[PDB]
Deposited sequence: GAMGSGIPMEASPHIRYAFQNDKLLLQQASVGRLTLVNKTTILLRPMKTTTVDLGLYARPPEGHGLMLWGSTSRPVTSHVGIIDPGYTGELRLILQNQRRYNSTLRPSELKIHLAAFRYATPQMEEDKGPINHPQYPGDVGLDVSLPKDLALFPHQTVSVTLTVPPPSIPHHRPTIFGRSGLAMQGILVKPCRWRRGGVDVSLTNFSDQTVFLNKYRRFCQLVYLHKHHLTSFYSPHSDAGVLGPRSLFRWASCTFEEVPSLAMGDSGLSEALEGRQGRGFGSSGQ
């Protein structure tokens, strides 16, 4: 399969597009104010092959957390990375300290608490909050989902955040939804208490094909997505530059 893309941004360098993953790195210093969202407009456009979505994620050893972005197959706008400052003062990413990754995966879609996809073809299904929560500034809050989602053979249910909460300072730490049930953690990086009532959509349910979860560290895998216990392994695709995709 081919991923077709276009990229144009003088503040970012394309490091490589190899073994199914594109990596960009920052050429300029990136300033992060405390308590506020930082967005990086990537100048990057892409369309996945049939049956696949795309995954967007950032990686750094500085004290900065990035949203893990689930990219729908019908999306034809510009991709953005959303970052949050872990400290209570300015943090900077000096040239080359931020890596930005994009790669594809096969997924499946079933037919409260679980809602149908927003648009034809969307990868994720919104999951509703089972109780009111109060999220205080610079604090983490955890919630349990225990009632099983729909079973889909050869796929693995996983939870990821949505981009609109992320823009408000609320990140979800992505995690597998395992047989026992899943503890979903939300951190508020903003300066204000955020109230999320019962029935609010707070995260999304994604069914990755099981090939996309591994324990081996590979050319084809990375600990940066779901963390260390289950590595994300992206599809073996080829990137192909189609400059007219750029808007």
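According to the record, the deposited residues with no C-alpha atom in the structure span 1 to 12, 124 to 128, 265 to 286.
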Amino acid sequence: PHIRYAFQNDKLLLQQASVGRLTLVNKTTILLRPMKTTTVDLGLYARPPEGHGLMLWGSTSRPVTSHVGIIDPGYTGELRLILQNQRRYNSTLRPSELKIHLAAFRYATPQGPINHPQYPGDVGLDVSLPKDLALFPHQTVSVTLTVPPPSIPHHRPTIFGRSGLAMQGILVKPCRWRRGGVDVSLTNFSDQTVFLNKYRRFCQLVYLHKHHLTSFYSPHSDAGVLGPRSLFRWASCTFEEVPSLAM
From here on, numbers count along this sequence of modelled residues.
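Notably, residue 116 is an intermittent gap: at least a third of the other compared entries of this protein, restricted to those modelling both its neighbours, have no coordinates for it.
Among the other PDB entries of this protein that were compared and that flank it with modelled residues, residue 19 is left unmodelled in a third or more.
Annotation for 17 to 25 versus 232 to 240: the higher mean temperature factor (C-alpha) is found in 232 to 240. Relative to one another, 198 to 206 and 41 to 49 have unequal mean CA B-factors, and 198 to 206 is the one with the higher figure.
Looking only at 81, 141, 114, 102, the residue with the top Cα B factor in the deposited structure is 114. Ranking 69, 219, 34, 58 by Cα temperature factor from the entry places 219 first. Ranked by C-alpha B-factor against the other modelled residues of its chain, residue 182 falls in the highest third.
Sort the chain's modelled residues by C-alpha temperature factor and residue 160 lands in the lowest third, per the entry. Residue 131 sits in the highest third of its chain by CA B factor, as recorded in the PDB entry. The entry lists a Cα temperature factor for residue 118 that places it in the highest third of the chain's modelled residues.
In this PDB entry, the Cα temperature factor of residue 149 sits in the top third of its chain's modelled residues, the highest group.
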